[PDB]
Structures are given as structure tokens and as C-alpha cells.
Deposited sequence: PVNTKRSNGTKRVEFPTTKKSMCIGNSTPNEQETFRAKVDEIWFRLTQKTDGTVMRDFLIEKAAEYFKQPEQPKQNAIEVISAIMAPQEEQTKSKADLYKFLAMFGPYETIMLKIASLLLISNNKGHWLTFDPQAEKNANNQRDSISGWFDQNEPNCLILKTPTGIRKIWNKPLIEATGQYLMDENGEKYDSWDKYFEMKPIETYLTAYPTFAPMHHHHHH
């Protein structure tokens, strides 16, 4: 398990960050913690100032899936911080991506074996984060597979997305505006 489309220094720098945060939340340098404990501490540390703590708990709990998994480890934090940039703007990247998913078919899945149940279908559209390369989002579409990477070290204010050609994108919004994966409205100007 390691973030991809990253240089060795980036990979090293990311890992050190996860170690720092895992200790700051659980008081341990490794081991395991009770699921509820992690979700609560992460919620208080990652949520926005105006965002209710209960709201952050439901969003993190939903992403941090397995639900029925009593405990969690640093590998889950690694995986979770790899998906949504730095913790500084983690709730912003979550909102950006989930919004697009919720409006284009609810194709984003966070449960494991999402890659196994994805090929069982065919003329559908699913997307998940590679369990081995957590910062890599895989889009399975009728036409073919697409890969787009999240830059765990870059805040939402920056160009935190990059493709295989090294091209950078301002955000999930701008990215799906370039590579589109309807609903008009009564405008009384």
C-alpha cells in the first residue's frame, strides 16, 4: 500500500505526516484503536469551524468503511488521508467529489471489493479508490477505464489533481468539466 503518481520524497513526506497525525489522535505510534474512538477524534481535528461535530462524524464514518469493523489502524488513516488531500482542507475535497458523484449517478463507492463487484456489471459506471494506491481514483465506464490521482500534499486551494500525463487540474469540478463522465431549470430572468 503506497500513494502513487508521486515521487519518492512525496511518498516519504506523506507517510511521516500520517504517522504524526495517527499519534496525535491515538497516543500510539501504531497498533489498533476502537472504530468509534478514531472517528470521533478525527472529526474534531478535521472538521471545519462552522461544521457540526456530528456532521463530520457521519461523513468520516461513511468513508472509513467497513462499518462493522470494531477496530481501525494507521493503515485506515493512511488510506483516508491519501484519498482526500491534506487534513487542512479534507472536508472541502470530500464535498467537491461527493457532490459530483451524487449528481451524476452515485457512482462513487467506498466499500472494499468494489473492484470485484464492479466487473460483475457492464454497461454501468462505477468509481472507487484503489485499495493499494489509495490516492488513485479508478473510473470504470462503458468506453473504458480512467485513472486520476489526488495529491495528498496539496490543499484544495491548489491544483491537487494530476493524470498519467502529468497534467494538473484545479479540482474535481474542473476535472469532470474537461473529461465529462440533462437537467435544465426554469430561469425567470
How would you list, in order, the spans of the deposited sequence that the model does not cover?
1-21, 203-205, 214-221
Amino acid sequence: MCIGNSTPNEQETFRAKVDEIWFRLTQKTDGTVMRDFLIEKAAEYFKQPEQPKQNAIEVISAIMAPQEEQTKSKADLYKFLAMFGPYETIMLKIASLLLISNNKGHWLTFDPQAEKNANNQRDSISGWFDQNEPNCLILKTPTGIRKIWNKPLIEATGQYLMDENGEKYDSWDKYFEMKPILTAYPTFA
From here on, numbers count along this sequence of modelled residues.
Highest mean C-alpha temperature factor of the two stretches 70-78 and 103-111, which is it?
103-111
Comparing 80-88 with 115-123, which has the greater mean CA B-factor as deposited?
115-123
Could you say which of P134, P152, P52, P142 has its CA atom at the highest B factor, as listed in the PDB entry?
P142
What third of its chain's C-alpha B-factors does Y169 belong to: lowest, middle or highest?
middle
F23: CA B-factor among chain residues, third -> middle
Third assignment of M64 from its chain's C-alpha B-factors
highest
In terms of the CA temperature factor given in the entry, to which third of its chain does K41 belong: lowest, middle or highest?
lowest
Splitting the chain's C-alpha B-factors into thirds, which one does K47 fall into?
lowest
